[PDB]
Every structure is written in C-alpha cells, then in structure tokens.
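If you're matching positions, the sequence shown starts at 1 in the authors' numbering and goes up one per residue.
Report on the following structure.
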Amino acid sequence: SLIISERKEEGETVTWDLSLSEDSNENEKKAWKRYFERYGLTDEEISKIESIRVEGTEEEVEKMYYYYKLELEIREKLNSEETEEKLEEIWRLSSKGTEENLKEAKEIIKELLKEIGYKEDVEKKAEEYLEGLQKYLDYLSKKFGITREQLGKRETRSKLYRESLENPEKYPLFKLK
C-alpha cells in the first residue's frame, strides 16, 4: 500500500516522504513503476526512487497523500494505456485550473472511480482526488519555480523528474536509495 515513510517538521512547513510499503502486491509495484516510466525515466533510474517528497502545511500534504492513494489504486486496478491517458488529461485540465476545466476533470475522475467500485461515494472521492491534485500542483509550482500551467506539459514533467534524479539537492522531489 501507499505509506508515509518519513516526516520532517521544519518551521512553517512539513515534508512527507510517500512510498510503497514492503508488503505491496505486485500490481501496486508495477503501477508505481508506470507513474514514472511514461515520463522519460529508465527502469534503472526508477528503481533508485525510494519515495516522493511533498511539502506544505499539514492540511496541504494530507490532501496530497489522499490524492496519491487514489491515483495508485486507479493505476493498480485499471492498468491500461487508456487509463494512463485519462489520468494525463485530468492533470492537463487541472494544471490549467479554470472552473470549466476542473468540472471536466471531475467527470473524468468520476468514471474512473466508479470503475474501481467507488459508486455511492464517488462525489466525495472525486473531490478528495482533485483537491489533493491541486495542492500537489501548487506545491510543484512553488517549490521548483514552474508556472502551474506549464506543469501540464509532458516535457515539463520529464524535465522535472530527470533533474530530480540527477541533482537531488537542487530538486529535492525524491528520496533516492
């Protein structure tokens, strides 16, 4: 499953390290890998990532945690290129940030959540997903000095991930093994 593997409480912000637990089944591990494989990293580079670090207030990072929990469950149970593409479009729409863009993203995430069994709870689970994605985009924009809308470009995410592998001091997005 997705766990919080480390917490740093420094001043006005908190940083949570998010990663997979040791008892993660093979479908969760494969999903973890595909979150990154689709964005320019080799298998050997991905195998070096122990966790993803998120930063903000306690309320902000908790929101990010629940977005990542749902992202992983979607990827695990609906593993498919069609799913990856819908998830990319939610990210694209959400980085643009307009009201109609987020309404369209909400409809996409709702169909995915229903497909994994969140039916009676789809509305609240969609809000949880989208709120946490929005805080996560806000965190990447502020932390690494990237226009939020630019984050919706595939080339921006590849660049960011690759810089975080290479220079994990100037780009502390990952904990490396």
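Note that the Cβ used here is the ideal one computed from N, Cα and C, for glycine as well.
- It is roughly 8 Å from the alpha-carbon of residue 130 to the alpha-carbon of residue 102.
- Pairing residue 57 with residue 169, the inter-Cα distance amounts to about 21 Å.
- Residue 113 and residue 122 have their alpha carbons spaced roughly 6 Å apart.
- In the DSSP assignment, residue 13 falls within the unbroken beta strand (DSSP E) covering 13-20.
- By the Cβ rule, the segment 135-147 does not count as touching the segment 71-87, because fewer than three pairs are nearer than 8 Å.
- Annotation for residue 164: the continuous alpha helix (DSSP H) segment containing it runs 154-166.
- The beta-bridge partner set that DSSP reports for residue 54 consists of 16.
- Between the C-alpha atoms of residue 36 and residue 120 there is a straight-line separation of about 31 Å.
- Leaving aside the five residues that flank residue 5 on each side, the residues in its chain whose CB is nearer than 6 Å to its CB run, in chain order, 17, 19 and 51.
- When C-beta atoms of the segment 140-157 are compared with those of the segment 104-111, fewer than three pairs fall below 8 Å, so the two segments do not count as touching.
- About 22 Å separates the beta carbon of residue 174 from that of residue 90, a gap too long to meet the 8 Å contact definition.
- Secondary structure note for residue 87: its alpha helix (DSSP H) is the uninterrupted segment 81-96.
- Only residues of its own chain outside the window of five on either side were considered, and among them 106, 109, 110 and 113 have a CB closer than 7 Å to the CB of residue 126, listed in chain order.
- In the DSSP annotation of this structure, the continuous segment of the beta strand (DSSP E) that includes residue 5 starts and ends at 2-10.
- 8 Å or more divides the Cβ of residue 67 from the Cβ of residue 161.
- In this chain, the beta strand (DSSP E) harbouring residue 175 covers 174-176.
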